[PDB]
Structures are given as C-alpha cells and as structure tokens.
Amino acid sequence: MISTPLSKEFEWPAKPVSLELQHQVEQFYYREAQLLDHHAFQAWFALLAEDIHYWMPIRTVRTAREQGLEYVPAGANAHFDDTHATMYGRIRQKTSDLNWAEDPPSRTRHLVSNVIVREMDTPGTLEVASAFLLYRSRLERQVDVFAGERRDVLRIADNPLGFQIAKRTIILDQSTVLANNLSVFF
C-alpha cells in the first residue's frame, strides 16, 4: 500500500508472487547496484522514470507517546526529495569531474536483500520493499555504513533492464546522519 506509514511494516500480498517475478525483480536490483557501484551514473539515471519521485525523509528520536512524530512528514524538510529534473542535475554534478566530495570517487557496495514484491492494480506496476546495506569507503580510511529499507514503485519497461523506477522512498536507520554527507545514491 503506497501510503502505509514508514513506521509500519510493508503490506505484503496474502501469498508471495511467482518465482519468475521474484527473480526478475531481484535481478533488476542487482543490475541497478552494479551500475551504482561501478559509477555508471548515466546508465543508472536512465532507469528513473520521467515521473520519478525519490525521497528520503528525516527520522527523529521520540519517546513512546510521541512515536507518531518519528518521521518528518512529506511536505517538510527531508534528506532527499527529488524529481526527474533535480535528479538529472545531481547526475550532471556526479559526472562533471568537479564534484569535490566525489573526486576522488567513493567506493560503494549496495547489498540488496529481503525483497518483497506486491503486484499493483495496474498491469506492469509493482510495489517492492527491500533491505539494504550500503558500504561506502573513500580516500585513505573513511568508511560509512548505511542500512535501511527501500520501498519502490517499479514499472515494466522496454529498456534492456525491463523496468523503470517510478517511485523510491528510502528509510534510513539513522536519526542524526553519521556520515559527513549523503554523496551517494540509494
């Protein structure tokens, strides 16, 4: 369900999807991560649909009775809140050779697991949750580890990967961002 609270578990379908569909979605994600982890930024950006909304909300620390305030809501400040146009600009920056936070470039690994797929009411459209571990290291000794969950809307697509990303929401398992920046894509 696209507007399930991020504090709430994913609304998986009564029974899991077919093996074939699980494999296609996983294989898509592994190819996406290859592109990112090998800094294929133009090729990665081609996977973003023209109507993409890519968002990563801020997470706050709350005691029991104010737990519904954990997530800073849509329409307020956020870590990412992007369209196809702004993501394009980010990609121009990343491929410019003038992005000093990425020059020299980070070494990343996007491990993809816990993939749960839901078929939506439009044929060719999926809602997918997955867990990630993003390892980033750069320069001599810097290491940042990010973990969390991605909830996507994927659309079947005529490209060589067979999908585009129509929506991406990233749950990051941090409140204070412990890295010095978010100069990598999730």
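Each residue number is its position in the shown sequence, starting from 1.
J.: When the C-alpha temperature factors are averaged for each of 115 to 123 and 53 to 61, which stretch ends up with the higher value in the entry?
T.: Between 115 to 123 and 53 to 61, it is 115 to 123.
J.: Look over 39 to 47 and 145 to 153 in the entry and identify the one with the greater average Cα temperature factor.
T.: Mean CA B-factor is higher for 39 to 47.
J.: Based on what the PDB entry reports, which of 27, 137, 130, 67 has the top C-alpha B-factor?
T.: So the option with the highest C-alpha B-factor is 67.
J.: For residue 96, return the chain-relative third of its C-alpha B-factor as stated in the PDB record: lowest, middle or highest.
T.: Highest third of the chain for residue 96's C-alpha B-factor.
J.: Looking at the temperature factor on the CA atom of residue 73, which third of the chain's modelled residues does it land in?
T.: Residue 73: CA B-factor falls in the lowest third of its chain.
J.: Looking at the entry's B-factor column for C-alpha atoms only, identify whether residue 15 ranks in the lowest, middle or highest third of its chain.
T.: Ranked within chain, residue 15 CA B lands in the highest tercile.
J.: Considering every modelled residue of the chain and its Cα B-factor in the PDB entry, is residue 21 in the lowest, middle or highest third?
T.: Its C-alpha B-factor, which the entry lists for residue 21, ranks in the highest third among residues of this chain.
J.: Residue 83's Cα B-factor: lowest, middle or highest third of the chain?
T.: For residue 83, the deposited C-alpha B-factor lands in the lowest third.
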